[PDB]
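Chemist: Sequence below, structure please.
(2 chains, ligands or ions: 13)
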Amino acid sequence: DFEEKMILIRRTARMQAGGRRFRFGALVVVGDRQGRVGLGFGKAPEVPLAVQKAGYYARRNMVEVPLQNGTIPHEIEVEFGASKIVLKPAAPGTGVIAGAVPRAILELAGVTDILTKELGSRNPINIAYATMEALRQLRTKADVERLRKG
RNA sequence: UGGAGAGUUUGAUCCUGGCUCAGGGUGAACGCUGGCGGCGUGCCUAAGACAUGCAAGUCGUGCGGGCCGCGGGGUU
Ligand SMILES: [Mg+2]
Ligand SMILES: [Mg+2]
Ligand SMILES: [Mg+2]
Ligand SMILES: [Mg+2]
Ligand SMILES: [Mg+2]
Ligand SMILES: [Mg+2]
Ligand SMILES: [Mg+2]
Ligand SMILES: [Mg+2]
Ligand SMILES: [Mg+2]
Ligand SMILES: [Mg+2]
Ligand SMILES: [Mg+2]
Ligand SMILES: [Mg+2]
Ligand SMILES: [Mg+2]
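Modeler: Numbering: from 1, shown residues only, chains lettered A, B, ... in the order given. Ligands and ions are numbered 1, 2, ... in the order given. Below you will find the coordinate block:
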């Protein structure tokens, strides 16, 4: 059903009289490679607990990606903080031309041919968030049609 | 029919921002190594200095000769 991908895991530290106190951050992608993708970022005392928490959170955050012959209905450029993502539609045979973060998402989203580009802050966390916002914003001829029918 | 990023400022974080790496190219050079062939290519520096040979001539159907030679004439 849903395939999970781990974007990254960081160790993060905090301070107390005595020393440092770690936590673990986990960014996890989940999708059915059939138009549904979810992002999840969970943290916990230990990695596993974190990951699991991430996965659990991903499923809580789903996006309905309007796949088309394997690509996206058009181009969007989304800015999440200092990270900017650029998604450009492509023909078949192209493949998923993207950095690891946007890829993992696009792939589990069902996207198969797409032109991508990371601009601004390359921060994986905000890039991944930038992506979901991009996809989430994709519209369709029918969608526009609906909106401008009035 | 066309576009991937990564490492590094912090105890940790986000940002800014420089440095650095992965790719492609070259009339190359250097090191270790070196079997065959085809096609290309080879002073990028002193437009510095050059031994030696060759690199622009040809025409007797424009012309008159010199030199070396043969043949035939005008005479007893
Ligand atoms: Mg770090
Ligand atoms: Mg900005
Ligand atoms: Mg990435
Ligand atoms: Mg930058
Ligand atoms: Mg500082
Ligand atoms: Mg440090
Ligand atoms: Mg501080
Ligand atoms: Mg940088
Ligand atoms: Mg040769
Ligand atoms: Mg030659
Ligand atoms: Mg020269
Ligand atoms: Mg010379
Ligand atoms: Mg000269």
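Chemist: Residue A:25 belongs to a helix?
Modeler: No - assigned with DSSP: H, G, I helix; E, B strand; the rest coil, residue A:25 falls outside any helix and is strand.
Chemist: Name whatever forms a beta bridge with it.
Modeler: residue A:10, residue A:43 (DSSP bridges).
Chemist: hang on, isn't it packed against residue A:6?
Modeler: No - using CB atoms under 8 Å as the test, residue A:25 is too far from residue A:6 to be in contact (11.2 Å). Just so you know, the C-beta spots here come from the backbone N, C-alpha and C atoms, and that holds for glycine as well.
Chemist: where's residue A:127 relative to residue A:103, distance?
Modeler: Going from residue A:127 to residue A:103 by CB to CB, to the nearest Å gives 11 Å.
Chemist: And these two? Which one has more around it.
Modeler: Per other CB atoms under 10 Å, whichever of residue A:127 and residue A:103 has more neighbours is residue A:127, with 25 against 20.
Chemist: got the contact list for that one?
Modeler: Neighbour list for residue A:127: A:80, A:83, A:85, A:99, A:101, A:102, A:118, A:121 [criterion: CB atoms under 8 Å, 6 or more residues apart in numbering].
Chemist: do the same with residue A:7
Modeler: Going by CB under 8 Å, 6+ apart, the list of residues near residue A:7 reads A:27, A:28, A:29, A:100, A:101, A:104, A:124, A:128.
Chemist: how close does it get to residue A:16?
Modeler: Residue A:7 is 29 Å from residue A:16, by CB to CB.
Chemist: Residue A:61 too?
Modeler: Taking CB to CB, one finds residue A:61 at 32 Å from residue A:16.
Chemist: Looking at these two, which is more packed in?
Modeler: In this view residue A:61 and residue A:16 are compared by other CB under 10 Å, and residue A:61 has more residues nearby, 14 against 7.
Chemist: And residue A:79, its phi and psi?
Modeler: phi -110, psi 120 (degrees, to the nearest 10).
Chemist: Kind regards, and thank you for your time.
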